[PDB]
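Chemist: Pasting in a structure now, in structure tokens, and then I'll have a few things to ask.
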Amino acid sequence: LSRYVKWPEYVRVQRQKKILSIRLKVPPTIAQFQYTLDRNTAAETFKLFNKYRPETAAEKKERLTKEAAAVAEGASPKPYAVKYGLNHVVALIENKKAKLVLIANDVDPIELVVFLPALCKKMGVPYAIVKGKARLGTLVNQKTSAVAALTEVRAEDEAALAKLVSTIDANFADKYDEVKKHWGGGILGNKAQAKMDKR
Amino acid sequence: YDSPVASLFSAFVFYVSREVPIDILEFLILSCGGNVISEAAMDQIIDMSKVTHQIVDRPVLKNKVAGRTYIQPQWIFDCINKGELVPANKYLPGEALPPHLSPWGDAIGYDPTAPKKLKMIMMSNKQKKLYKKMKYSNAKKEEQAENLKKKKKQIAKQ
Amino acid sequence: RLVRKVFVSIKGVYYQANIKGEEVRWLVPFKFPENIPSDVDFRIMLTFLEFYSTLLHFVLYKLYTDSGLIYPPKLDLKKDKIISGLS
Amino acid sequence: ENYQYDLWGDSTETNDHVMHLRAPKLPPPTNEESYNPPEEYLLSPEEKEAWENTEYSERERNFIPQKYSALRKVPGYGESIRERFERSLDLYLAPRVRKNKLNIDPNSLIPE
Amino acid sequence: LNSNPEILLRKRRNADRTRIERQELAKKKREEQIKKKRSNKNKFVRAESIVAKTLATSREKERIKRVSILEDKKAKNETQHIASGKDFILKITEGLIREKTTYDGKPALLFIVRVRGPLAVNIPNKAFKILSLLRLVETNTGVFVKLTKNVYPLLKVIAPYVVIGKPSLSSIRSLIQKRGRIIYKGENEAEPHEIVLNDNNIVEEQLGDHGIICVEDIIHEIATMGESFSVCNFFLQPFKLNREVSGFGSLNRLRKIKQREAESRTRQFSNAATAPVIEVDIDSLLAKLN
RNA sequence: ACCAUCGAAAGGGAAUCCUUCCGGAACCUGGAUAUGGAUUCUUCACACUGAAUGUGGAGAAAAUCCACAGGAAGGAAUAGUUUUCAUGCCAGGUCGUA
RNA sequence: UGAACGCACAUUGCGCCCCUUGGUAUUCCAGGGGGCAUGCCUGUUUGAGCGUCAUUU
């Protein structure tokens, strides 16, 4: 018969792209984004980054209205928050101000972030490819965020950020720096590995 | 006020004991015109001056001070339904209560407190069926009444 | 002082009162611990209670204000700590 | 101010529509339901087992009468939540039908 | 034909079968919940859980050792090199005020509620023994105790695991009349059924010799500590209370957040040997838990 | 499971005669309902319940009507269930008409 | 009627939704009023997809 009618076209194309993702031989610059932080390092990174979440619109408005109401009747330290926005973070990286840069691995126009690991390594800025662009937006109060960064940290968490940077250097940089520059995606299916690898 | 029930227990002060439920008895006493001095209300962190009655539920009483009238709860339950302050002799601590009948009577009209076939041929089919249903219903009612009467007689045998 | 009839049964106590020329009969269970069966669906009883609570709120306001009483009645916190009933 | 005003006021409006069917209250309790009924109302063990084996929707009476010699001896009713639940289920799941219940005596059907 | 108009409600269709199906479904849900609950003890244990348990239990053990040494020093009247020799009681009441008062020798009535203790803490031997003799191991469970000069040092050992205070007469009455349990024999053989106090016949059978013939006599012997206080206190068995917030939906999750946020201000524990026994308003808490 | 709709005043098609008005007389379709009888000891007969599902006849490509297998569900004590049995009530618009 | 908009149209044919009124009227009939085209944009609400993820105190 014609059983294809059990999938709409968008579902079928959506799964065909998934198959093509693992069957095609992807170049190293696009292949490196499959190597991300593991469970423990990613869980520890988001514990530090969730303590410097920027104020939402409502909280900032309330804080400003309290000051306004105080003034209407009759010396603060610099704030701390996670830096986001692609242009802002890229400008921070090339000025050597970012202490740690998280790069999402699922940016749909992937060319928006392909240069970012190379720029971070060239400029001597610690970086980590983190699985999930929607998870970087939670600590930014946006639906998605391509990147996130930490420029300044409170003196209580200075040791934690250094330890996290060392952990990422040992687990992510020094571990993948040889396989990062190899073509990926040459996964063979069973019906194909049975007839090529065996024969 | 407009009813005798609202005037009962007017010049009465009841001493509600611990055994009797205060929730369902203070409401009944107050709704008639009485006053309640609950015994269960002196357990937190009076001395019974004007009390004229006492509702008890123990098998045996202890004090029995003169002047007061000692009653079982059913007296109140029977003083409201009649509305005429029935005698308290039958409601005393330690004896058997009267059978406390329902204010709305019995389902089949049985009173507990008490001492054609040739013409049917011409009936139609549906009329005959209706008549037989009615006779069956009446017979079942009378049989249910007679069973209760027989059980009462057997109980009164011993 | 509107109570007209009372009947103590094995299920609870039936009270019949005279509210505005109508006979109102309600059942109050005995104050004993309850055994809740898992069979019943409280999802329906909660909606029924939600409707009935508002019905009583309005009816009680009307009844209190027709008789000149103040509504809602003031709760005596000192007498509520001993018995906590109608008194 | 939630529910703190007069809803009905002085209105005497009626809802007497042809398809307004009101639930016919609930039958009043009888003598056998009392906490201290006359002795003849108690069920025999055979009748008790007959009631016990009957289906819950086929029982003519939803309880077994009991006699208590004192008010303090009365136990808390067990099937108290279930009765209210069944009443509320009937209040919106049971079809309501108008009917003209007969009230004649049988002897009037006999031909003259 | 001499009829009388009325409204008739037709019988509901298939009510008994639905009742049986619902009973079976409830039983099946309970059984599968038990299955999944005891099937989750074989899951992988991460290192951080073990380290946290060890650290927190080590801290709690030192707390208990300090409290026990201080109470031993006070008991022997060796109060020379101790921090403080006074039995303090802190009363917290809700805009939240604190009363720091010296405890008398006068006996009092307390209702101790078993709450969940500090996180990542295994209960040490001393605290578990005290809670076991109090029949307080199940959380969300309360017991009536008579506070005296010797009970006081016990309350300083099990302080993080319980919440204490003096109940009123209305609280006692409502608690006994809504949650009353007894270990009573079943039909012929099965003893350990835990049933509710529905009738005074069982109370008269069990406690009738002491003169207790009804539940309201248990209420009297508990509200006022009488000669038969212990007999009825160990007859009622610990009360099964209701947890404040029960659920994990978004509304219930934020209720839990708000409830925990207020717990940092009501049940405070100083982790010190001379910590006062914290007493709270039990009437309001039982209003929440009843 | 499978595609809107259009396409016939000579094809298929519910019903009027002595074809529309008048007099008399008669049919068709749709609907709500009441009465009698049947459903025979109390529960679908020797009128005479019948869901999903699957077929046959008439039309004869389709509209339209009927029937058959099937066994879901329902039916009793002051009107049990059905009403392909009989009688009783109401209505029938638009365009053409010499 | 016409770009012409409920569907058709060589017919002055056939429908659906909401409110309201009148005749024996809860069911039937009729009258009155207001709506029902397509492409696209912004927003609201309701969804589909083993598409990518996170998910032990």
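Identifiers for the structure tokens are assigned positionally: chains receive A, B, ... in sequence, residues are indexed from 1 per chain, and ligands are indexed from 1 in the order shown.
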Residues of chain C that approach chain D to 7 Å or less, counting only C-alpha atoms: could you list each one with the shortest pair of atoms and its distance in Å to one decimal, rows by chain and increasing residue number, as CSV?
Modeler:
```
residue,atom,partner,partner_atom,distance
C:8,CA,D:34,CA,6.1
C:9,CA,D:34,CA,4.0
C:10,CA,D:35,CA,4.9
C:11,CA,D:77,CA,5.1
C:30,CA,D:76,CA,5.8
C:32,CA,D:76,CA,5.7
C:40,CA,D:82,CA,6.8
C:45,CA,D:85,CA,6.7
C:57,CA,D:3,CA,6.2
C:58,CA,D:3,CA,5.9
C:61,CA,D:4,CA,6.6
C:62,CA,D:6,CA,6.0
```
Chemist: The selected residues should be written to file as a compact mmCIF listing (two decimals), in the first residue's frame (atoms: N, CA, C and O atoms).
Modeler:
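Output file again09.txt follows:
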```
# COMPACT_ATOMS: atom_id res chain seq x y z
N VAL C 8 -32.05 10.69 67.15
CA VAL C 8 -30.73 10.09 67.29
C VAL C 8 -30.77 8.69 66.69
O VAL C 8 -31.50 7.82 67.17
N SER C 9 -29.98 8.48 65.64
CA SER C 9 -29.94 7.22 64.91
C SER C 9 -28.54 6.63 64.98
O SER C 9 -27.62 7.20 65.56
N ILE C 10 -28.37 5.45 64.36
CA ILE C 10 -27.07 4.80 64.33
C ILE C 10 -26.12 5.48 63.35
O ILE C 10 -24.90 5.31 63.46
N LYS C 11 -26.66 6.24 62.40
CA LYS C 11 -25.83 6.96 61.43
C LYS C 11 -25.35 8.30 61.97
O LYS C 11 -24.21 8.70 61.71
N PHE C 30 -21.51 11.46 64.24
CA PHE C 30 -20.87 11.45 65.55
C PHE C 30 -19.40 11.84 65.42
O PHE C 30 -18.75 11.52 64.43
N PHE C 32 -16.31 10.99 65.83
CA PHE C 32 -15.42 9.85 65.97
C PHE C 32 -14.48 9.83 64.78
O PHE C 32 -14.79 10.39 63.72
N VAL C 40 -13.99 5.82 47.05
CA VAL C 40 -14.73 7.04 46.73
C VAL C 40 -13.85 8.01 45.96
O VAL C 40 -12.61 7.98 46.04
N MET C 45 -16.83 15.21 45.21
CA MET C 45 -17.30 15.75 46.47
C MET C 45 -16.71 17.12 46.75
O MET C 45 -17.36 17.96 47.38
N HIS C 57 -22.79 30.50 52.40
CA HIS C 57 -22.30 31.84 52.69
C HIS C 57 -23.39 32.87 52.43
O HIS C 57 -23.71 33.70 53.30
N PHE C 58 -24.03 32.78 51.26
CA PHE C 58 -25.08 33.74 50.94
C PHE C 58 -26.31 33.56 51.84
O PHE C 58 -26.88 34.54 52.31
N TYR C 61 -25.56 34.90 55.32
CA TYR C 61 -25.58 36.35 55.35
C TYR C 61 -27.01 36.87 55.36
O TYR C 61 -27.36 37.75 56.16
N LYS C 62 -27.86 36.33 54.48
CA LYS C 62 -29.24 36.78 54.42
C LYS C 62 -29.96 36.55 55.74
O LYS C 62 -30.67 37.43 56.25
```
Chemist: As a list in words, please: every residue in range 112-177 of chain E that a backbone DSSP assignment puts in helix (DSSP H, G or I).
Modeler: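 Answer for range 112-177 of chain E, restricted to helix (DSSP H, G or I): residues 125, 126, 127, 128, 129, 130, 131, 132, 133, 151, 152, 153, 154, 155, 159, 160, 161, 169, 170, 171, 172, 173, 174, 175, 176 and 177 of chain E.
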Chemist: What does the file look like for those residues with N, CA and C atoms, as a PDB file, in the first residue's frame?
Modeler:
```
ATOM      1  N   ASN E 125      22.864   6.659  67.320  1.00  0.00           N
ATOM      2  CA  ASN E 125      22.266   5.680  68.224  1.00  0.00           C
ATOM      3  C   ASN E 125      21.454   6.345  69.328  1.00  0.00           C
ATOM      4  N   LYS E 126      21.984   7.411  69.930  1.00  0.00           N
ATOM      5  CA  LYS E 126      21.299   8.061  71.044  1.00  0.00           C
ATOM      6  C   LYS E 126      19.940   8.607  70.616  1.00  0.00           C
ATOM      7  N   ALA E 127      19.926   9.404  69.545  1.00  0.00           N
ATOM      8  CA  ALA E 127      18.685  10.011  69.084  1.00  0.00           C
ATOM      9  C   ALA E 127      17.690   8.955  68.629  1.00  0.00           C
ATOM     10  N   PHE E 128      18.166   7.930  67.921  1.00  0.00           N
ATOM     11  CA  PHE E 128      17.261   6.886  67.455  1.00  0.00           C
ATOM     12  C   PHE E 128      16.672   6.104  68.619  1.00  0.00           C
ATOM     13  N   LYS E 129      17.472   5.830  69.651  1.00  0.00           N
ATOM     14  CA  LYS E 129      16.952   5.150  70.832  1.00  0.00           C
ATOM     15  C   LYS E 129      15.870   5.981  71.507  1.00  0.00           C
ATOM     16  N   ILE E 130      16.126   7.280  71.679  1.00  0.00           N
ATOM     17  CA  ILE E 130      15.138   8.142  72.326  1.00  0.00           C
ATOM     18  C   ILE E 130      13.855   8.193  71.502  1.00  0.00           C
ATOM     19  N   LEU E 131      13.985   8.331  70.181  1.00  0.00           N
ATOM     20  CA  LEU E 131      12.804   8.371  69.326  1.00  0.00           C
ATOM     21  C   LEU E 131      12.085   7.028  69.283  1.00  0.00           C
ATOM     22  N   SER E 132      12.810   5.927  69.485  1.00  0.00           N
ATOM     23  CA  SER E 132      12.190   4.609  69.473  1.00  0.00           C
ATOM     24  C   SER E 132      11.381   4.359  70.736  1.00  0.00           C
ATOM     25  N   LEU E 133      11.915   4.735  71.902  1.00  0.00           N
ATOM     26  CA  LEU E 133      11.105   4.639  73.112  1.00  0.00           C
ATOM     27  C   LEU E 133       9.924   5.600  73.096  1.00  0.00           C
ATOM     28  N   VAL E 151      12.841  14.472  81.635  1.00  0.00           N
ATOM     29  CA  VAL E 151      12.533  14.464  80.209  1.00  0.00           C
ATOM     30  C   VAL E 151      13.286  15.579  79.491  1.00  0.00           C
ATOM     31  N   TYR E 152      13.568  16.681  80.188  1.00  0.00           N
ATOM     32  CA  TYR E 152      14.174  17.845  79.542  1.00  0.00           C
ATOM     33  C   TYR E 152      15.490  17.533  78.836  1.00  0.00           C
ATOM     34  N   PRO E 153      16.459  16.836  79.441  1.00  0.00           N
ATOM     35  CA  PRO E 153      17.691  16.523  78.696  1.00  0.00           C
ATOM     36  C   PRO E 153      17.457  15.680  77.454  1.00  0.00           C
ATOM     37  N   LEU E 154      16.405  14.859  77.426  1.00  0.00           N
ATOM     38  CA  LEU E 154      16.112  14.081  76.226  1.00  0.00           C
ATOM     39  C   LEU E 154      15.703  14.974  75.064  1.00  0.00           C
ATOM     40  N   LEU E 155      14.948  16.041  75.337  1.00  0.00           N
ATOM     41  CA  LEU E 155      14.475  16.915  74.272  1.00  0.00           C
ATOM     42  C   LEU E 155      15.603  17.698  73.614  1.00  0.00           C
ATOM     43  N   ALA E 159      16.277  17.275  69.335  1.00  0.00           N
ATOM     44  CA  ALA E 159      15.700  18.559  68.941  1.00  0.00           C
ATOM     45  C   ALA E 159      15.558  18.725  67.433  1.00  0.00           C
ATOM     46  N   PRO E 160      16.570  18.450  66.599  1.00  0.00           N
ATOM     47  CA  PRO E 160      16.392  18.652  65.151  1.00  0.00           C
ATOM     48  C   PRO E 160      15.366  17.732  64.511  1.00  0.00           C
ATOM     49  N   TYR E 161      14.997  16.627  65.153  1.00  0.00           N
ATOM     50  CA  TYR E 161      14.080  15.664  64.561  1.00  0.00           C
ATOM     51  C   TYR E 161      12.628  15.879  64.960  1.00  0.00           C
ATOM     52  N   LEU E 169      -6.799  22.503  75.109  1.00  0.00           N
ATOM     53  CA  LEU E 169      -7.846  21.499  75.274  1.00  0.00           C
ATOM     54  C   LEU E 169      -8.557  21.214  73.957  1.00  0.00           C
ATOM     55  N   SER E 170      -8.825  22.254  73.165  1.00  0.00           N
ATOM     56  CA  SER E 170      -9.488  22.049  71.882  1.00  0.00           C
ATOM     57  C   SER E 170      -8.618  21.231  70.940  1.00  0.00           C
ATOM     58  N   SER E 171      -7.309  21.492  70.937  1.00  0.00           N
ATOM     59  CA  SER E 171      -6.403  20.709  70.104  1.00  0.00           C
ATOM     60  C   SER E 171      -6.406  19.245  70.516  1.00  0.00           C
ATOM     61  N   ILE E 172      -6.353  18.977  71.823  1.00  0.00           N
ATOM     62  CA  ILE E 172      -6.366  17.601  72.312  1.00  0.00           C
ATOM     63  C   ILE E 172      -7.661  16.908  71.912  1.00  0.00           C
ATOM     64  N   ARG E 173      -8.790  17.592  72.102  1.00  0.00           N
ATOM     65  CA  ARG E 173     -10.083  16.996  71.791  1.00  0.00           C
ATOM     66  C   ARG E 173     -10.211  16.693  70.304  1.00  0.00           C
ATOM     67  N   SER E 174      -9.874  17.663  69.450  1.00  0.00           N
ATOM     68  CA  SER E 174      -9.972  17.447  68.010  1.00  0.00           C
ATOM     69  C   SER E 174      -9.014  16.363  67.539  1.00  0.00           C
ATOM     70  N   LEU E 175      -7.805  16.329  68.095  1.00  0.00           N
ATOM     71  CA  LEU E 175      -6.819  15.322  67.733  1.00  0.00           C
ATOM     72  C   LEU E 175      -7.279  13.919  68.104  1.00  0.00           C
ATOM     73  N   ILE E 176      -7.858  13.752  69.294  1.00  0.00           N
ATOM     74  CA  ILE E 176      -8.319  12.427  69.693  1.00  0.00           C
ATOM     75  C   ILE E 176      -9.579  12.032  68.932  1.00  0.00           C
ATOM     76  N   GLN E 177     -10.471  12.986  68.655  1.00  0.00           N
ATOM     77  CA  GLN E 177     -11.739  12.674  68.009  1.00  0.00           C
ATOM     78  C   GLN E 177     -11.640  12.560  66.494  1.00  0.00           C
TER      79      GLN E 177
END
```
Chemist: Between A:163, A:40, A:106, A:54, which has the minimum distance to chain E (counting only C-alpha atoms)?
Modeler: A:40
Chemist: Which residues of chain E sit at most 12 Å from chain F, using only C-alpha atoms (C1' of nucleotides)? Give each one's shortest atom pair and distance in Å (one decimal place), in chain and ascending residue order, as CSV.
Modeler:
```
residue,atom,partner,partner_atom,distance
E:1,CA,F:79,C1',10.2
E:2,CA,F:78,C1',10.2
E:3,CA,F:78,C1',9.1
E:4,CA,F:78,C1',10.6
E:13,CA,F:74,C1',10.6
E:14,CA,F:73,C1',11.8
```
Chemist: Go ahead and write the selection's residues with N, CA, C and O atoms as a PDB file, in the first residue's frame.
Modeler:
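selection.pdb, written as the output of this step:
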```pdb
ATOM      1  N   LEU E   1     -57.024   8.810  36.955  1.00  0.00           N
ATOM      2  CA  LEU E   1     -57.114   7.682  37.872  1.00  0.00           C
ATOM      3  C   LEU E   1     -56.463   7.996  39.212  1.00  0.00           C
ATOM      4  O   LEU E   1     -55.665   7.206  39.713  1.00  0.00           O
ATOM      5  N   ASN E   2     -56.808   9.153  39.778  1.00  0.00           N
ATOM      6  CA  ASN E   2     -56.349   9.584  41.099  1.00  0.00           C
ATOM      7  C   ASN E   2     -54.839   9.391  41.261  1.00  0.00           C
ATOM      8  O   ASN E   2     -54.359   8.624  42.094  1.00  0.00           O
ATOM      9  N   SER E   3     -54.103  10.110  40.427  1.00  0.00           N
ATOM     10  CA  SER E   3     -52.651  10.085  40.451  1.00  0.00           C
ATOM     11  C   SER E   3     -52.109  11.306  41.188  1.00  0.00           C
ATOM     12  O   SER E   3     -52.823  12.277  41.451  1.00  0.00           O
ATOM     13  N   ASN E   4     -50.822  11.243  41.524  1.00  0.00           N
ATOM     14  CA  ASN E   4     -50.132  12.338  42.195  1.00  0.00           C
ATOM     15  C   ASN E   4     -48.810  12.620  41.493  1.00  0.00           C
ATOM     16  O   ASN E   4     -47.918  11.763  41.486  1.00  0.00           O
ATOM     17  N   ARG E  13     -26.748   3.200  36.200  1.00  0.00           N
ATOM     18  CA  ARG E  13     -26.468   1.958  35.497  1.00  0.00           C
ATOM     19  C   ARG E  13     -25.032   1.515  35.753  1.00  0.00           C
ATOM     20  O   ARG E  13     -24.094   2.304  35.595  1.00  0.00           O
ATOM     21  N   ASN E  14     -24.873   0.253  36.158  1.00  0.00           N
ATOM     22  CA  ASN E  14     -23.563  -0.369  36.369  1.00  0.00           C
ATOM     23  C   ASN E  14     -22.788   0.310  37.496  1.00  0.00           C
ATOM     24  O   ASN E  14     -21.588   0.567  37.383  1.00  0.00           O
TER      25      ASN E  14
END
```
Chemist: Using only C-alpha atoms, find which residues of chain E lie within 12 Å of chain A and jot them down as a PyMOL selection string.
Modeler: chain E and resi 46-48
Chemist: Quick one: write out the picked residues with N, CA and C atoms as an mmCIF file, in the first residue's frame?
Modeler:
```
data_model
loop_
_atom_site.group_PDB
_atom_site.id
_atom_site.type_symbol
_atom_site.label_atom_id
_atom_site.label_comp_id
_atom_site.auth_asym_id
_atom_site.auth_seq_id
_atom_site.Cartn_x
_atom_site.Cartn_y
_atom_site.Cartn_z
ATOM 1 N N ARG E 46 26.027 7.791 44.202
ATOM 2 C CA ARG E 46 27.094 8.701 43.820
ATOM 3 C C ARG E 46 27.966 9.043 45.024
ATOM 4 N N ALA E 47 29.227 9.383 44.745
ATOM 5 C CA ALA E 47 30.198 9.604 45.815
ATOM 6 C C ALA E 47 29.814 10.788 46.690
ATOM 7 N N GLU E 48 29.243 11.833 46.085
ATOM 8 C CA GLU E 48 28.893 13.029 46.842
ATOM 9 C C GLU E 48 27.862 12.734 47.918
#
```
Chemist: So which residues touch residue 53 in chain G within 8 Å, counting only C-alpha atoms (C1' of nucleotides), skipping near sequence neighbours fewer than 4 positions away, as JSON, numbers by chain?
Modeler: {"A": [131, 132, 134]}
Chemist: Can you work out the spacing between CA of residue 78 in chain B and CA of residue 8 in chain B in Å, to one decimal?
Modeler: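 That distance, rounded to one decimal, is 11.9 Å.
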Chemist: Going by DSSP on the backbone, which bits of range 13-126 of chain B are strand (DSSP E or B)? Write them as a VMD selection string, please.
Modeler: chain B and resid 13 to 16 35 to 36 53 to 55 69 to 71
Chemist: Need to verify the contact set: residue 33 in chain A, 10 Å, only C-alpha atoms (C1' of nucleotides), exclusion of same-chain residues closer than 2 positions in sequence. Can you return it as an NGL selection string?
Modeler: :A and (28-31 or 35-36 or 103-106 or 110 or 113-114 or 117 or 129-131 or 180)
Chemist: Name all residues at most 12 Å from residue 145 in chain B (count only C-alpha atoms (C1' of nucleotides); drop same-chain ones fewer than 6 positions away) and give them as a CSV table (one decimal) with C-alpha atoms, in the first residue's frame.
Modeler:
```csv
chain,number,residue,atom,x,y,z
B,106,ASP,CA,-42.6,3.9,60.4
B,107,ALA,CA,-42.0,3.2,56.7
B,108,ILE,CA,-45.0,0.8,56.4
B,109,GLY,CA,-47.2,2.3,59.1
B,110,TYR,CA,-46.6,-0.5,61.7
B,111,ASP,CA,-47.3,0.8,65.2
B,112,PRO,CA,-44.8,-0.5,67.8
B,138,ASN,CA,-50.5,-4.6,49.7
B,139,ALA,CA,-49.9,-8.2,50.7
B,151,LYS,CA,-41.3,-11.0,66.5
B,152,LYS,CA,-42.6,-8.5,69.1
D,40,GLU,CA,-38.7,-6.4,67.2
D,41,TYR,CA,-36.8,-4.3,64.6
```
Chemist: Report the distance between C1' of residue 91 in chain F and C1' of residue 33 in chain G in Å, rounded to one decimal place.
Modeler: 25.9 Å
